[PDB]
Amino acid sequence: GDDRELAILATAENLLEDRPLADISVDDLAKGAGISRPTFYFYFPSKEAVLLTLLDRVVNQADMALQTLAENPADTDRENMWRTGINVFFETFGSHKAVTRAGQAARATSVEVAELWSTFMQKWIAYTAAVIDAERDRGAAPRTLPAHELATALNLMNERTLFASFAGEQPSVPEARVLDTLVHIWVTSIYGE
């Protein structure tokens, strides 16, 4: 069954907790999944292609949850709306730190990964700008910055800040504090004059 593919994906994710991809081998991957090295190469052309697929799953999972969120409005409080949105990325990527970590590094080498970050970031920034615009129309938010430019910076702040937190980088916001920090900065940049 294809589900050997499922087995390669789980072997990889597991191993990426312990060491970078560079220090992970196709032997290591095939072994974990309980297939031969040549049977591995039937399912994925490279180690790098396996990362890509994982990052794709994680990214689409985040996207899907944000689509679920947008199709029903949680009963009022503007701050809570934002907190609930940003939580989608905190939880989704926070459940996949290993993948999140390797994906981000791979952006410097794998334009195929870079393109995948880029696509999904553009989409999410577009969604951010539409909510700010909608909020500006209702009269709740002042027309300050260009909405899309503001949305871009805010999304970039969240990419950088969440992943530094996840990787325990120095410096970083503690993970148990990161959510409140971003929301404060989001709400206050969106609604403030």
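In case it trips you up, residue 1 is the first one in the sequence shown, and so on. Rigid core: the largest C-alpha set superposing within 1.5 Å between the two forms.
For the pair 148-156 and 65-73, rigid core superposition yields a higher RMS C-alpha distance in 8 other deposited structures of this protein in 65-73. Annotation: of the segments 117-125 and 74-82, 74-82 departs further from this form in 8 other deposited structures of this protein (C-alpha atoms, root mean square over structures and residues, core superposition).
In this entry, 18-26 shows the higher mean Cα temperature factor of the pair 5-13 and 18-26. Looking at 94-102 and 69-77 together, the entry lists the larger mean B-factor for 69-77, computed on C-alpha atoms. Take 38, 146, 142, 32 and read off each C-alpha B-factor from the entry; 32 has the highest. Split the chain's modelled residues into thirds by C-alpha temperature factor. Residue 136 is in the middle one. Split the chain's modelled residues into thirds by C-alpha temperature factor. Residue 114 is in the middle one. Among all modelled residues in its chain, residue 60 ranks in the middle third by Cα B-factor.
Per the PDB record, residue ranking by Cα B-factor puts residue 121 in the middle third of the chain. Among the modelled residues of its chain, residue 49 has a C-alpha B-factor that falls in the highest third according to the deposited record.
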